[PDB]
Structures are given as C-alpha cells and as structure tokens.
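J.: to kick things off, part of the complex as it is:
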Amino acid sequence: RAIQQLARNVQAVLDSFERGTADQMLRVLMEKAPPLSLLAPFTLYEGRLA
C-alpha cells in the first residue's frame, strides 16, 4: 500500500507539469494582448500619428 500510494502520488505530480504549461501559456498571452476596443481605431490612423 505504501508503494501504491507513492505511485499514485508521483503520477499526479508528473501530470501537474502539463496543466502547468497549459496555464502558463494563457498567463503570458493575457499580458500581451491589448484590448480590441482600444485597438480597432488605432489600426485606422496608422502612419498618420506624425
């Protein structure tokens, strides 16, 4: 039972390193995306902000 517990435990901790990446992707993509409402006009006056 002790070995069984250790196995079922390491199986969970190893799985954590997949959902971890799947979460880190969203966590880093969210900081890079400016809101659309503040962007759609900004793409209409490009090259004119001089």
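T.: That came through fine. Numbering: from 1, shown residues only, chains lettered A, B, ... in the order given.
J.: can we go C-alpha only for contacts and neighbour counts from here?
T.: Noted.
J.: can you count the residues close to residue A:15?
T.: For residue A:15, the count of nearby residues is 11 (other Cα atoms under 10 Å).
J.: which element is it on?
T.: Per DSSP states H and E, residue A:15 falls inside helix A:2-32.
J.: which other helices and strands contact that helix?
T.: Applying 3 or more Cα pairs under 8 Å, 6 or more residues apart in numbering; DSSP states H and E, we find helix A:2-32 packed against no helix or strand.
J.: can you give the distance from that helix to the centre of its chain?
T.: 13 Å (Cα atoms, centre = their mean, to the nearest Å).
J.: cool, stretch A:19-36 as well?
T.: 3 Å.
J.: for that stretch, buried residues please.
T.: By neighbour count on 16 or more other Cα atoms under 10 Å, the buried set for stretch A:19-36 is empty.
J.: while you're at it, add chain B from this line:
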Amino acid sequence: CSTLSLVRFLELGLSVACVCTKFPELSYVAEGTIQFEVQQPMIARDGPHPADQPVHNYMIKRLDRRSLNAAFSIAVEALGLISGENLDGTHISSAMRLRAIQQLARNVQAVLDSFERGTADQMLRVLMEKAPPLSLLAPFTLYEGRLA
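T.: Once chain B is put in with the chains from before, the structure reads:
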C-alpha cells in the same frame, strides 16, 4: 365485471434511475454504509504563488431505512368455507366455496401487485428529497473552487 391492469417496475422508464438488487438478509444489517475515495488533480504554480500539494480525501455515506406494507383481510363468514370445517355436503355450499376461493384469489391478485406501484412511488418520493431547485444550483457551479 371489471378487470385489472398490471404494472411492472422493470418495464417503466424510471427504473433506469436506481440500481435494484435483492438482499434477503437486509432484516439483520445494522447501520450500513459505503466508502468513497477521490483524488483531486493539481496544476503547477509560478513565481509568487506557493507550490501546491496533491490532496486525498475519504468520505463515507450512510444508509436509510424504510418499508412498505398493505392489508389483505378476509371475512370469517367465508374463512370457514375455505378450510372445510363449516363446509357441508350439499350442492348449494360448493357453489359458495367456489365464490369464496375466487374472491380470495382476486384479492391477493391486487395486493401482490401493490408492491410494484409501491416502489414506483417510493422512488419518486426519495428523488424529490435530494434534488435542490435549479434556481439555487446553476449560479452555484459558476463560483466553484472559490468560495474560500
């Protein structure tokens, strides 16, 4: 003369709700239970947040206790006719014995069939207790893992 319509709980559509099994020893068991084990998954954390541990939790539920019952009384004025003590050897008495036997049979026919409708009713009775109203359920699942 009317007839009677039989209903069988295993031909209803409701039977797919519950698992039914015979237990000819139920009359002896004390407070019986079942056991549960669930392991929740866990996702890694970054930087500021602390590292989380995998979690186990065991939990046990308990049995309920109920019954069903009917009554099937018969009249003495024909009870005597059944056994044969008050039966005399005539032609006008066997004609009453046959009537008494037919009455008893038609009565046990109804009482034995009562226990199928009984279960078909008990299932709804139990189900109408656990179910929480949907109005108080849909807005409850949307804040899960957060009401700390």
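J.: mind redoing the buried residues of stretch A:19-36 now chain B's in there?
T.: A:19, A:23 (16 or more other Cα atoms under 10 Å in any protein chain shown).
J.: and residue A:34, which of the three is it?
T.: coil (DSSP: H, G, I helix; E, B strand; the rest coil).
J.: what does chain A put close to chain B?
T.: A:9, A:12-13, A:15-20, A:24 (Cα under 8 Å from any Cα of the partner chain).
J.: what about 10 Å?
T.: Contact residues, chain A versus chain B (Cα under 10 Å from any Cα of the partner chain): A:8-10, A:12-24, A:27.
J.: need the contact list for the residue of chain A most remote from its centre.
T.: Centroid-distance maximum for chain A: residue A:1 at 37.1 Å, with Cα atoms, centre = their mean. With contact set as Cα atoms under 10 Å, 6 or more residues apart in numbering or on different chains, residue A:1 has these partners: residue A:7.
J.: drop chain C onto that structure:
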Amino acid sequence: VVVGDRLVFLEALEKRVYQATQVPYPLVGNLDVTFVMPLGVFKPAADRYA
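T.: So that you can see how it sits with the rest, here is chain C on the chains above:
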C-alpha cells in the same frame, strides 16, 4: 471554425483543465471604472425652471 476568411481553432479550457482545482480561471477579467458625482452645486438664476 471559419470566421471572415480565416480558419481558426475554438477552445474552452474549463473542463479539460482547471476543473476541480483551487486555481481560478484567468480569462475572467476585472474591468475598472471610476464614478464621479457632484454633491451640492447650485445652478444660476437663469436655468431654474419647471
């Protein structure tokens, strides 16, 4: 799914991941606004009318 002229994925990651774990979902944003209201201003004599 096809939108416009592009052919893009479409995903929900609440059930496959993030399900039954004490970490919140990171797309539930938090908008911020700031309200202001005058308290006891008194309008001039010209614009006081029924």
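J.: back to the neighbour count of residue A:15, now that we've got chain C?
T.: 15 (other Cα atoms under 10 Å in any protein chain shown).
J.: how far away is it from residue C:14?
T.: Using Cα to Cα, to the nearest Å, one obtains 17 Å as the distance from residue A:15 to residue C:14.
J.: same question for residue C:45.
T.: For residue C:45 relative to residue C:14 (Cα to Cα), the value is 60 Å.
J.: kindly report the same for residue A:4.
T.: Residue A:4 is 30 Å from residue C:14, by Cα to Cα.
J.: please apply the same query to residue A:35.
T.: Counting by Cα to Cα, the separation of residue A:35 from residue C:14 is 22 Å.
J.: again with residue A:41
T.: 32 Å.
J.: again, but for residue A:24
T.: 15 Å.
J.: go on, residue A:40?
T.: Counting by Cα to Cα, the gap from residue A:40 to residue C:14 is 29 Å.
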